[PDB]
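Coming up is one lone chain in structure tokens, specifically the form deposited in one PDB entry.
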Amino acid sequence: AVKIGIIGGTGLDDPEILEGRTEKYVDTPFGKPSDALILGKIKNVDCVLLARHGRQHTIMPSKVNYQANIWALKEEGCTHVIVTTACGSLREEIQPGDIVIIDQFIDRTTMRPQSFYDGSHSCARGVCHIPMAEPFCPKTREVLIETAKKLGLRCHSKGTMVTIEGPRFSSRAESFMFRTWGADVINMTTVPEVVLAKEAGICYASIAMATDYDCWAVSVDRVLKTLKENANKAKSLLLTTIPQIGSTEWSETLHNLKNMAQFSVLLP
């Protein structure tokens, strides 16, 4: 049995996506999650929805409690976690409104805890050095790509996301530099969310939605405008993808993730 956690990004966190909804506030050894967990279903699959920035969007990227968010979903029984995120495009072919099923990342964050094993919590003892060669779940990404195709949506099969600290946008010199590094899209929330999911042994995948071309003219109003016009795409993709995930086998995949996570910890 699978249980899908869903973390909604800026203007991509509509609770009406689930049927038979029930609100539930929880606590974790790492503090409180961004907001209440919303329990429900999509067809016959159990899901858990969470707004990354809170229902009223009051939390900046640097202040999101990524540890609490991932821990709460893991504690609720989530085997998979599929998220949505607004991002800027660093490539001509990635047009605003396009979806990108990212497969790699480049870290540019500075003030964020990236591990549960900080030597100050009973629940996670020791030192953890988690592998990051393949940060996103290939099987989940494969289903997302095929589903976008069946839906006729403009979608890119791969892409490298550079995550900046924020909250400011990048300068033009930074924008051009990121392109030479191999980055394709840019945001402020992929890291450490993807890292902590891996430590928890969860299959993590991300639906990135391009909202602008950065500055290589971006502004809050421009970002919000593009999201309003295209949010239906991410909603349709999730509704159609989820039942598909719940109809296939994940025993072997989840076992391997559990092993990788367990054997990355160094005990005294």
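Only residues modelled in both forms are compared. Under this definition, the rigid core comprises the largest set of C-alpha atoms superposing within 1.5 Å between the forms. From 1 onward, residues are counted along the sequence shown.
There is also a form deposited in another entry; it is not shown, and the following applies to it.
S.K.: By the 2 angstroms cut-off, has the C-alpha of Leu12 moved between this form and the one not shown once the rigid core is superposed?
M.R.: Yes, because once the rigid core is superposed, the C-alpha of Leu12 moves 2 Å or more between this form and the one not shown.
S.K.: Between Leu12 and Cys47, does the Cα distance in the other entry come out closer or farther than in this form, changing by 3 Å or more?
M.R.: Closer together, by at least 3 Å.
S.K.: By 3 Å or more, the Cα spacing of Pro243 and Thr10 differs in the other entry; is it closer or farther than in this view?
M.R.: Closer, not farther.
S.K.: Suppose the core is superposed; which segments, at least 3 residues long, show C-alpha displacements of 2 Å or more throughout between this form and the one not shown?
M.R.: Segment displaced between this form and the one not shown after core fit: 9-20 only.
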